[PDB]
Every structure is written in structure tokens, then in C-alpha cells.
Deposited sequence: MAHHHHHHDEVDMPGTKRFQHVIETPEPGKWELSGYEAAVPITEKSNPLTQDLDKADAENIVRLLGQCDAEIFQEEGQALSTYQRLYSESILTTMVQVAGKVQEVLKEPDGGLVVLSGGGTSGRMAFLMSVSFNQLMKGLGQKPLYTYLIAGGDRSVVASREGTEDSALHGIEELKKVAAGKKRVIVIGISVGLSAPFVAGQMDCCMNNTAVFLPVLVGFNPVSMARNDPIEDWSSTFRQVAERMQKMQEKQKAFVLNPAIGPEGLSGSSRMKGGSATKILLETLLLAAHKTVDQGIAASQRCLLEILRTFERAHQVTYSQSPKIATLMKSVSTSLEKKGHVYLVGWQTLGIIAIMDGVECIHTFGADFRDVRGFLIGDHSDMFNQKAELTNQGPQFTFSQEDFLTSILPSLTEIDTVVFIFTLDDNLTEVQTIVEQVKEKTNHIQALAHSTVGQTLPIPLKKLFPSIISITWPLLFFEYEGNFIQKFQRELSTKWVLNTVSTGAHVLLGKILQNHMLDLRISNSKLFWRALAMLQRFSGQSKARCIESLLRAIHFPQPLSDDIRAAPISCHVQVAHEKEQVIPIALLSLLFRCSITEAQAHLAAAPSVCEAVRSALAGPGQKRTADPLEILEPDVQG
């Protein structure tokens, strides 16, 4: 039948009560699962939200129970991290013709970028040629933009990989896809396995390979699952690797920018730092060297979330400023500035939020006076401005901007990272009455930019901003249980996630859910056979431009009404969320 090719793989909606027993729940990839910790996130207050996401984040470091999926601290995974460290060493020994590519779409792409900078710094600080580079779905502009549509082409990913791998002789490609999902990465990994004399593929993600994405890619014959399965078979001969610990579901279902992006740093910084810091000691990388770093990253979670009450309070002030109709500014220096930008941009697709809503700023890259002349004018009594810096930064360039922002604002708070026994100049740095001082132990660093201190701080800021940005929006009522219902379908994965959210919330068949979705997308056109049979990219291109696609589709289903009837209903309701929630009642 028309459409059967495209929707065949979709699992049927189970009867009420048999979601487990149908085996439906066991085929939801971990990365898409509803986190049971966060069943009631939409009812939690700011302090609970901070507690619940701190807990969700902590699952990255939880160990394997006694029939179950490997985790970060399991022997299989640490052994894989060691062997990969190994192969990275081979390349560092022979820098002529060597390269190390870190590649990903969206937030994996963003994380790849940071890491490639950091490790390129490390080799410069030592007077070696930089061997690292990144690749991101949609070219370099994607690092700092919302561009969710660019991950769906495998030919594109292969193309970018051909550019950068030039006339190199030995290339390590670290394909990062949290969901073992992105067609961008799938093609790179497959290309690598076709030329193993040159390429070494290393796939990173957080699902077991049996849960790796398995629906057809438009411009490629194999699926992510097949690719990953074959890489795993190559791992026995040490010519591909899959690094895939389970880290438990996201506190917001499928929001892999959060735990996923965190775990990607933890995992890859750990393993590359080990490889570097042990080549020059003329010593193989070992589980013990990795563990030191992992445990440090795990302290960093504890350290970070010990500031929870203040994290909640910043959340309440980001949420207030948006409940009214103001903006939120994230102002930071070096790498922490970048991360601020990344958090703000992600809010666009993640929450349906305007680029002004939560904007990041590096001292997007506007200098000291430039910020004071350009941006400072537009600030307002109800806004919120967040300063994010270390004490090693240049605190004259900092205090100035706060002195000034104070006049027009008052809702300021800050995020200051410090070694123990550094002191915050101006005892009236109040200015910031009740800062978020994150104060780090003295650790034993030996490379000269103190890279482990950088990684701690990056990660800790990520956790704070993510929890803040995400929390603020949940308080505003935009999240249904722990799902973002009203998302914008801008790629195939998101189209599938809409469909799943329809099955779950309505309890109705896959055929009806698909019909309602496609009707909602293509309204005012009716469902023809061509539309039914169209590749998923055609539905994405049309949905991408609309508003409220998913809630209109769910209302059509709940009320068993037309798209004309459900648009009328929505428009007659005080708000999308009330329309949906009361229709669910």
C-alpha cells in the first residue's frame, strides 16, 4: 500500500496497559526514553527541577547492575577507551600525514569543535603540528547556529570527510552520534570501513548497537545499525571501534544536547588526554590513567551541584524575564563564552524560542566596548544578564561591563570558577551579593595550559547553563510531562519523535497517528497517495515552516475531528498548552 515502505518499521501502538508486554518499551532506544525520575517534571518547582536534572546527569557515572547494558565504568568500555587511546598514540608518533577528525551533527558537532580546539592547543603549547580537526553537519557555520536539518544526508558527511582528509595517510574519524542516529556520521563510518589502509573509524554514542537507528537513509543504502554492527565485528581485529556506554535517558526525553553532549566530553577528553599525557611518558595508556580523569569528572558533578540552591534561583530569574517578555544574556570569556552561545542557540530548536530569548556572547563574539556600545542600550528593568568567567580571566574587562549593565539591569547573577585561595577583587563585588562560586581543588596538572582544569570548568558551566535554560522553560509550562510536544519537525528523527509522541499521548493506532500528522503537516492539501508515499524529507520541508503541527495533530486525534475543526479549537483556546492539557483530561 502507499506509505507502507516508509512507515513499515514503525512499531504499532500497544493496547492500553501492554506497553511493556508488547515489547514496545524495550525497543525504545535509551536515548529517546522517558526518564522515570522526570515523569512529573512539568509540576516540579525550580529546586526540584535542579535536583531531578542533577540526578539525571549523575546517571552518567552510575555502574552496571548484575542482565543489562554496559556503562561508562564497565570493563568492556574502559578496555575500548584504552585500545583507542592506543591507536591515537600511533598517529601522534607519526604526525606526518596523520589527522584526527571529530565529527557529529548538532550538539555532537558543537562538542567536537571544542575538543578539537583544546587538543590542538595542547600540541601547540608543546610545539607540535595540530593533528585535530572537527566536522559538523552543515559546515562551520553550524557550530553556533540552529541548523537541525543538515544531519540527514550521508553524502554530505562523506563529502566533508573527503575535503579535510586531503592527502593524509592515516586518519582517525571519531563519529559522534548520541543516538547512533545521524546519517551524516553513518556515511563517514561506512566510507572509513571501505578504506581501512587509511581510515580508522571510531563511533561514539550512548545506545547499544541493537538499538541503533534502523530506518532507511534517503541518500544511502545501509542503515546506522548495519554500519555499527559491522564496525563492532571489525573491532575484534582492531580496525574499527564502537564506544557506546548507556548513560540512562535524558531528563527531557530525547534532548540529547544535555546528558549526551556531557558524556561525549567526559568520554573523549578522558581518552585523548590519556593518550597525550602518556605518549611522552613512554608508557601505554591504562585503565588507571583513564579512571583518574573519569573520577575527576565525577567529582566535578558533585562540586557543580553543591551550588544547587543558587542554580535554582538563577533559574527563577531566567524564567521571570521570559514570563514577562524580556531577554536573557549570557556573557562569558574564552571557552566558557562559546558554551554560553551554544546553550542559547540550542534553545531555539529545543524550545521554539527566539534567538533573542537566551543569547550567548563571547568577549556572538562582541568585544568589550562593542558590547557596551551595541548591546547595552537595549537592556531593560526586567531582563537578566549572566556573567561567566574564571578568576584567571581579566577582571577589569569584566567589572566594567557589570558596573555598566547594573545601571540599566539589576537582575544580574554570575558564574565564577576559581582555584581554592584565589580571591574575588572588590570585597564590594556586590555587584554580586550571592554569586555562584565554584571553587576547584588543587589538582596535579603537568601540561602547561592546565587542560584538565579547562575540561572541569567547561563541563560544569554546561551543566549549569543546560539545567538553567532547560529549567526556565519547563517552569513556563512548555513541556508536557517530560516531553517537548510542540517541537518543530526539522529533520527525520524529529519527525519520528513527533509520531511516537502522538501514539503515546493518544493511545491510537500508528495508521491513524500518521494520517493525522501528515494531514496536519500538509493542510490545506488532502492526503494523496503521492504524499503518503513521499520520502520523509518532503514532510520535514513542509512541517519545518509551520507552527503547532504536532498539537493540531494530537487534537484532531483526541477529538476525532478534522484539521479544520482542530485549528478552530486551538485558536479558540487561551493557549496551546491549555488546549492540549485539557483535551488530554
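Student: In sequence order, what intervals of the deposited sequence carry no C-alpha positions?
Tutor: Several stretches lack coordinates - namely 1-12, 79-80, 378-396, 619-638, in sequence order.
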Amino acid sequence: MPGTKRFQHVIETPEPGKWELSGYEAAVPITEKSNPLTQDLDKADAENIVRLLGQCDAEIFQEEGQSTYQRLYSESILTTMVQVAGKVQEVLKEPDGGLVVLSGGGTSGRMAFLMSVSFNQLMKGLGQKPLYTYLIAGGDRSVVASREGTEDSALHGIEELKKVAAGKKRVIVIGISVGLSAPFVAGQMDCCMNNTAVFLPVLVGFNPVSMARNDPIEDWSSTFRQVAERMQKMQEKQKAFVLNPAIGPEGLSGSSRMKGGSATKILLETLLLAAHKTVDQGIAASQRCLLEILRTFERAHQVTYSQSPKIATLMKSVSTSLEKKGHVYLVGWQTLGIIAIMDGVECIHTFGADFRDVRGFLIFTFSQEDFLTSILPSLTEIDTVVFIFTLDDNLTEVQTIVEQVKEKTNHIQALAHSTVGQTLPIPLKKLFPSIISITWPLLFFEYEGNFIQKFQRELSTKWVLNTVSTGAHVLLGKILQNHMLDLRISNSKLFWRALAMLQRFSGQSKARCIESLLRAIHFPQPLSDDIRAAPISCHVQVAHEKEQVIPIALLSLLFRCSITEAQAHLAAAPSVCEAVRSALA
From here on, numbers count along this sequence of modelled residues.
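Here the rigid core means the biggest group of C-alpha atoms that line up within 1.5 Å when the two forms are laid on top of each other.
Student: So which moves more in 6 other deposited structures of this protein by CA, 482-490 or 425-433, given a superposition on the core?
Tutor: Of the two stretches, the larger average C-alpha offset in 6 other deposited structures of this protein falls on 425-433.
Student: Take the C-alpha B-factors listed in the entry for 255-263 and for 145-153, compute each mean, and give the stretch with the larger one.
Tutor: Higher mean C-alpha B-factor: 145-153.
Student: Out of 420-428 and 238-246, which stretch has the higher average CA B-factor listed in the record?
Tutor: Comparing 420-428 with 238-246, the higher mean C-alpha B-factor belongs to 420-428.
Student: Go through 269, 215, 280, 229 one by one and give the residue whose Cα B-factor in the PDB entry is largest.
Tutor: That would be 280, according to the entry.
Student: Among 109, 205, 360, 471, which residue carries the highest C-alpha B-factor recorded in the PDB entry?
Tutor: Answer, based on the entry's C-alpha B-factors: 360.
Student: Compare the C-alpha B factor of residue 350 with those of the other modelled residues in its chain, then answer lowest, middle or highest third.
Tutor: Middle third - that is where residue 350 ends up once the chain's C-alpha B-factors are sorted.
Student: Based on the deposited C-alpha B factors for this chain, I'd like to know if residue 59 is in the lowest, middle or highest third.
Tutor: Tercile = lowest for this residue's CA B-factor.
Student: Could you look up the Cα B-factor of residue 69 in the entry and say which third of the chain it sits in: lowest, middle or highest?
Tutor: Tercile = middle for this residue's CA B-factor.
Student: Quick check for you: using the entry's CA B-factors within this chain, is residue 102 in the lowest, middle or highest third?
Tutor: Within its chain, residue 102 is a lowest-third residue by C-alpha B-factor, going by the deposited values.
Student: By the record's CA B-factor, is residue 10 among the lowest, middle or highest third of residues in the chain?
Tutor: Lowest third.
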